């Protein structure tokens, strides 16, 4: 099913308590949503499907190019699909900067607030406010008001401090606890930067500093008067693709509950499509006066392979993050 707000909160609480995390898979289409959910289900795992501003625009089609439309359309699709799987699937929106709040996160929050006012649940279960490009005080001012609105709509807010490549300071960690508390005013997720980078580069290139996350937890624990081993933050690991297994493991120890994956699932989706086009070149092209071969230019022929391959990469993510076999539905 789609994760209810209560189930999603329980998911994130259980992950933190047990030092595991969920994959948050960027999706752009019916096929990619289907691939992600099947991956979660094959791993016996709960999971998160997320739409970026560009993913939402793409989902709305070239004739519309509207983020809200694409996110709503893909979310409605996902609601129907997820009902047919035993695992819990949460819907999330990715990076939304200041100049897109009025045309992405705010209108989506309003849609969910209307649903909740009628006794229903929100359309999305979390939204990201990415204020990393503005000063920390402005970032957290906007975050505080969005957190109030989100919590009232039964939605978790993700925020970002520091810019992910394409480090978070002790004072920025302190300011975050001061402005937002530690969940008692509404749950929030913190994308803290620790040398992580969006994209996939050669092994060695990306140098992660998970000690930054350890330090952040210690800073928060001290502020809140908690024991030194407390983990008050629910961290989000952006730029998960291409990471070493050992790096993921270390991040889990310090309270990462959500690792975002896009690039690696993109490669997994595209890889069999490329293979299909090459091995069926004279079927997908009308060559030498011939009319091609419908069986292989039917988009389903290669998109099924794309789907299955992306699902396998999602299963790998669930095993890397130690959420495999832990779905809160306990269907086993």
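Here, rigid core means the biggest group of C-alpha atoms that superpose within 1.5 Å across both forms. Positions refer to the first chain, counted from 1.
Between 116 to 124 and 223 to 231, the larger mean CA deviation from the shown form in 6 other deposited structures of this protein, after core superposition, belongs to 223 to 231. Compared with other PDB entries of the same protein, residue 205 is missing from at least a third of those that resolve the residues around it.
Going from residue 204 to residue 205, the model skips none of the deposited residues; the chain is continuous there. Relative to one another, 205 to 213 and 101 to 109 have unequal mean CA B-factors, and 205 to 213 is the one with the higher figure.
When the mean C-alpha temperature factors of 11 to 19 and 310 to 318 are read from the deposited coordinates, 11 to 19 comes out higher. Among 75, 256, 136, 89, the highest C-alpha B-factor in the deposited entry belongs to 136. Considering 79, 95, 238, 175 together, the PDB entry gives 175 the largest C-alpha B factor. Sorting the modelled residues of the chain by their CA temperature factor places residue 156 in the middle third. Sort the modelled residues of the chain by CA B factor and residue 251 lands in the highest third. Split the chain's modelled residues into thirds by C-alpha temperature factor. Residue 171 is in the highest one. Per-chain ranking of the deposited C-alpha B factor places residue 85 in the middle third. Per-chain ranking of the deposited C-alpha B factor places residue 196 in the highest third.
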